[PDB]
Amino acid sequence: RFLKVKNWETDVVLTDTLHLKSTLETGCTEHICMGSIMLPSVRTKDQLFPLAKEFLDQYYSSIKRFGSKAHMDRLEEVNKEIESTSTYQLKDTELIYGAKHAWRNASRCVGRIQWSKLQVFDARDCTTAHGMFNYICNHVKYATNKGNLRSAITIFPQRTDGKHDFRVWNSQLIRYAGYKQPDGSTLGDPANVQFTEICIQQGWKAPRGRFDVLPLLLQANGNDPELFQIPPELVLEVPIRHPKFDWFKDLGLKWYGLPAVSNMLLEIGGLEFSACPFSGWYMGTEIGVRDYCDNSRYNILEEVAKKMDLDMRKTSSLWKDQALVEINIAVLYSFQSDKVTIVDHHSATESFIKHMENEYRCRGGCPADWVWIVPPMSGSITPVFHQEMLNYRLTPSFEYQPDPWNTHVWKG
Amino acid sequence: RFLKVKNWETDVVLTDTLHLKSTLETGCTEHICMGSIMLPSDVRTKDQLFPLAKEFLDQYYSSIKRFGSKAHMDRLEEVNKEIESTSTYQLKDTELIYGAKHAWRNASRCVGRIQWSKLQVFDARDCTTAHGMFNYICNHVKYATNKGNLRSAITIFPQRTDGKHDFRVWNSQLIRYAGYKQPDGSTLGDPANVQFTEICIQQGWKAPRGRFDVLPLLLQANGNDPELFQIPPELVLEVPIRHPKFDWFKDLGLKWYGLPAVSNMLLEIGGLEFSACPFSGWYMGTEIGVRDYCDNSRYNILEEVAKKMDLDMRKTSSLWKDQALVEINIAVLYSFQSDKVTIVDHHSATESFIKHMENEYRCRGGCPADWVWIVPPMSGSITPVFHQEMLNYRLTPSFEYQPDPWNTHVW
Ligand code: HEM
Ligand code: HEM
Ligand SMILES: Cc1cc(CCNCc2ccc3c(C)cc(N)nc3c2)ccc1C#N
Ligand SMILES: Cc1cc(CCNCc2ccc3c(C)cc(N)nc3c2)ccc1C#N
Ligand SMILES: C[C@H](O)[C@H](O)[C@H]1CNc2nc(N)[nH]c(=O)c2N1
Ligand SMILES: C[C@H](O)[C@H](O)[C@H]1CNc2nc(N)[nH]c(=O)c2N1
Ligand SMILES: [Zn+2]
């Protein structure tokens, strides 16, 4: 079974064979497309061997050693261990390979041209929340690299009986607090109101400002989570200024430099790593379009447009569109001026097209989620808009998991 | 299998029950989503056709509160006998109108479907020649344009009978600008219409030498060779493109036509196939300003506009492209609005569509919708539809694509 995708701007045609190796499901059927559904969706060892064998077959193929004595012994080894312990342990090399390919397989990620250059931190010997805090400080320091950002992931011990999970309760390692005011307004990031309240309940002394960096809330071995303050000197931030508009600085905006997602689940050969924070660097629109201009976030369009003196009572003046562009210019300008790594959506999407084509040629495909790959502004003037993409799920992978405060059994 | 869609900007959740009636396929499977493929992939035998007819008549008679009525049963009986008789059947006027409105209601890629029930249907089933097709099309155009106060319309030519005698409009839209080869190996016109614009000449057109030249109609009646007709220029409403602030904008020489009228699709109702069924509404601003003007495969005026704004074009990070794109789209809206010609901005139209969705979920139990096509090509996430989960599925009656005539026409 072969599959063709077309670029409608360049008429480049590529052929997908990689989708044949696709195990998991999409959520779609031949009678319905769930391509715009945000999230569509305790391991017995009946299920675990095949998943382990498949991963190991992948691994030893990638290293030129399929069918080798080393390949066969490792299979036998892992089988014995699953027989004996109902789970198994990855070698370091397998772990690094798994984590890189999870990224490579991440069909929603436009930054995947960088997948081979992931720094993998093995935190599988960690046992306490304090140890978790230490590992995460080191991740942050390393990844930030004084503004010259480096991709990294830190991998905490895998799930066992599901009653001893390691979880980072933060959705991101660095994020701003949100406070719901009595009058209904929100101070700070509305996306984080719920988590902020938990932290506050857990004993966090909230500064109650508009850009308070949240404390880490860390759960080790299924114990109750504990609060830690990331040392402020480790949190790199950028004041947002505009290159031509001088009043922009007076909006009092800033953002943090390091995007580090910490609530996803890393799956490798059937093993589940429930705490595996990973980080890269920002695409400008993440901050300028979504974080700042989503109505459910900081929502600064009107104030910006107000100070641009735009005609704001006629939507067909496109005053929203006009302000959106200036804000994104300011985000890019600020990061570059402070020499903090950032990529504009034009450069990012162009790179991904080059990546995708390369992946089709050396790998036979590259699973891609159009709905997420196309930037949140300026869609059709980026080349991904005009690119047909096949979406399918490969392992190793990053998966969503439910919020820990919903499932956690509290010890007290 | 009673599905939920969530809006992540408002937490509004809708329950979809309508998808269960879906007939055709999507392109997707368990193992692969083809949601972003532009085009997922001879007449019908006689009880391929009756179940098709029955399904249609059931929903038609259900729609008028007469399901299970003897008038319903009589119509099924009548169509059933007409079917076994003639290897086909003919729609009642009422059925034809219902079918056309619902083909629009069911177009999952269309953002403007809140207007679906106010469609002017022109029955052209008595047409026999390309000259008659031309007459019907001029009347469609004059009616739809309405001196700038645009009105939705569809004109329906005779149904396919078996591929023998297909009626086809060879243009992709009733009104489009010529795109020719040229010197330099450059392109003058609309590059998108290159191939078509000299098939016109390949057939006898002689072209006015410009870029914004309205193409001639190329009409095929009863499977015959297609004929050339020029739409009377006084029927073709065009809008000069100026900017409300930048007065150099006029010098680019930009204009666009008022009437978007798609003419190469196939309308399917109760198994019957209408290969010539041009339909029209009015533009959303971004279709012209973002796609028609700024696509690299189209008029691609970005560089030109940026230069005169004297923007920093040395590298992508200045977002000069983005800045110009917005100004270009402000102008289109401005020009159309000032010439009192109908147009909707992408903010208004997407807001309309959200209201439309809530209407369809409430009164109909769902609204099929293709997120990839509904989200505007600029300013995606500041329109409400970006944050709207949508389910895509195929309902009938429908508008479908069909092969380009010049490939299939036994010449
Ligand atoms: C190095 C620069 C990187 C850039 C510019 C980048 C960019 C992006 C963007 C724009 C998204 C869309 C998500 C959103 O808009 O909220 C995304 C999603 C994603 N990225 Fe990347 N990324 C980078 C690195 C990484 C790394 C290092 C990993 C993992 C090790 C990764 C894994 C993912 C995953 C799993 C998603 C899907 C998130 C979800 O479905 O919720 N990315 N990326
Ligand atoms: C009245 C105002 C209308 C507006 C504002 C509107 C808007 C749009 C837009 C923006 C698209 C996206 C396609 C593209 O970007 O090329 C579209 C597609 C479509 N529209 Fe509507 N439209 C309108 C009227 C109509 C009418 C009257 C019909 C049929 C009677 C119709 C049927 C369709 C169909 C079938 C598509 C999908 C085309 C395809 O799949 O290639 N529309 N429309
Ligand atoms: C369910 C959900 C999911 C998400 C995902 C947002 N984060 C995705 C992501 C994940 C990793 C990234 C990385 C690693 C870098 C980067 N620049 N951006 C990244 C963005 C956002 C909101 C919601 C909600 N509600
Ligand atoms: C296969 C294809 C399809 C399309 C779709 C273009 N037509 C869509 C359409 C169809 C009808 C419309 C109508 C009726 C109004 C309006 N404002 N916009 C409309 C837009 C464009 C390019 C290709 C190609 N190649
Ligand atoms: C409803 C829809 O799936 C949702 O709004 C998606 C659309 N595409 C996206 N794309 C990116 N990169 N990030 C997002 O959060 C979303 N949200
Ligand atoms: C490959 C992709 O499907 C293609 O570029 C689509 C994307 N979305 C679109 N959306 C609209 N409204 N019109 C289009 O032509 C397209 N083109
Ligand atoms: Zn799908």
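A quick note on method: Cβ atoms are made from the backbone with ideal geometry, for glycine too, and the neighbour counts reach across all protein chains shown. The values are calculated or read from the model by the stated rules, or taken from the named source; nothing here is a laboratory result.
Among the residues of region B:72-106, which ones are in a loop (DSSP other than H, G, I, E, B), buried (at least 17 other Cβ atoms within 10 Å of the Cβ) and of a type outside the set (A, V, I, L, M, F, W, C)?
Our first condition is that a residue be in a loop (DSSP other than H, G, I, E, B); within region B:72-106, this holds for B:87-92, B:106.
Remaining after also requiring buried (at least 17 other Cβ atoms within 10 Å of the Cβ): B:88-89, B:91, B:106.
B:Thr88, B:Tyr89, B:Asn106 - these are the residues of region B:72-106 that are in a loop (DSSP other than H, G, I, E, B), buried (at least 17 other Cβ atoms within 10 Å of the Cβ) and of a type outside the set (A, V, I, L, M, F, W, C).
Looking only at region B:7-21, filter to residues that are closer than 24 Å to A:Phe385 by Cα and either among the β-branched types (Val, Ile, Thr) or at the interface with chain A (Cβ under 9 Å from one of its Cβ atoms) (or both); which one of those is farthest from ligand 1 (Cβ to nearest atom)? Before the answer, list the steps.
Within region B:7-21, the first condition is being closer than 24 Å to A:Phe385 by Cα, and the residues that meet it are B:7-9.
Next, only the ones that are either among the β-branched types (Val, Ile, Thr) or at the interface with chain A (Cβ under 9 Å from one of its Cβ atoms) (or both) stay: B:8-9.
On the way: B:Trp8: 12, B:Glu9: 14 Å.
Among them, the one singled out is B:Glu9.
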### Summary
All conditions in (1) within 16 Å of ligand 7 (Cβ to nearest atom); (2) among the aliphatic types (A, V, I, L, M); (3) outside any strand (DSSP E or B) are true of A:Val5 except (3)
### Message
Can you list residue pairs whose Cβ atoms sit under 8 Å apart, with the first residue in region A:253-266 being on the phi > 0 side of the Ramachandran plot and the second being in a loop (DSSP other than H, G, I, E, B) and of a type outside the set (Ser, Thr, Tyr)? Count only pairs 6 or more apart in sequence or on different chains.
### Response
none
#### Entry: Checklist (1) under 17 Å from the mean Cα position of the chain (by Cα); (2) of a type outside the set (D, E, K, R); (3) away from chain B (no Cβ under 11 Å) applied to A:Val409, failing item
(1)
### Message
So in region B:372-385, with the set limited to residues that are in contact with an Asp or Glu (Cβ under 8 Å, 6 or more places away or on another chain) and hydrophobic (A, V, I, L, M, F, W, C), which one is nearest to ligand 4 (Cβ to nearest atom)?
### Response
B:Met378
### Task
Report yes if A:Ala260 is buried (at least 16 other Cβ atoms within 10 Å of the Cβ) and either over 28 Å from A:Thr349 (Cα atoms) or within 14 Å of chain B (Cβ to nearest Cβ) (or both), otherwise no.
no
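Per-residue answers, yes or no, for (1) outside any loop (DSSP other than H, G, I, E, B); (2) at negative phi; (3) among the β-branched types (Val, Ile, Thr):
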{"residue": "A:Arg108", "(1), (2), (3)": "no, yes, no"}
{"residue": "A:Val120", "(1), (2), (3)": "yes, yes, yes"}
{"residue": "A:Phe133", "(1), (2), (3)": "yes, yes, no"}
{"residue": "A:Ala143", "(1), (2), (3)": "yes, yes, no"}
{"residue": "A:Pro157", "(1), (2), (3)": "no, yes, no"}
{"residue": "A:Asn170", "(1), (2), (3)": "no, yes, no"}
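Say we look at region B:27-61 and pick out the residues that are of a type in the set (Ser, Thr, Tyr) and not in a loop (DSSP other than H, G, I, E, B); which of these is nearest to the other protein chains (Cβ to nearest Cβ)?
From region B:27-61, those of a type in the set (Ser, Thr, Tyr) are B:29, B:36, B:41, B:45, B:60-61; that's our starting set.
From what is left, the residues that are not in a loop (DSSP other than H, G, I, E, B) are B:60-61.
Working: B:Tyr60: 23, B:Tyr61: 25 Å.
Checking each candidate, the answer is B:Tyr60.
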### Query
So is B:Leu24 outside any helix (DSSP H, G or I), within 14 Å of chain A (Cβ to nearest Cβ) and aliphatic (A, V, I, L, M) or not?
yes
#### Entry: Of all residues in region B:265-289 being under 30 Å from B:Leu57 (Cβ atoms) and of a type in the set (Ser, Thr, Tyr), the one that is surrounded by the fewest Cβ atoms within 10 Å (Cβ to Cβ)
B:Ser275
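Yes/no per residue for (1) among the charged types (D, E, K, R); (2) more than 20 Å from B:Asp292 (Cα to Cα):
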residue	(1), (2)
B:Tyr143	no, yes
B:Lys147	yes, yes
B:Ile156	no, yes
B:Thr161	no, yes
B:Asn171	no, no
B:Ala178	no, no
B:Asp190	yes, no
### Query
In region B:1-13, is there at least one residue being surrounded by 13 or more Cβ atoms within 10 Å (Cβ to Cβ), in contact with a helix residue (DSSP H, G or I) (Cβ under 6 Å, 6 or more places away or on another chain) and assigned by CATH to the domain that holds B:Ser87?
no
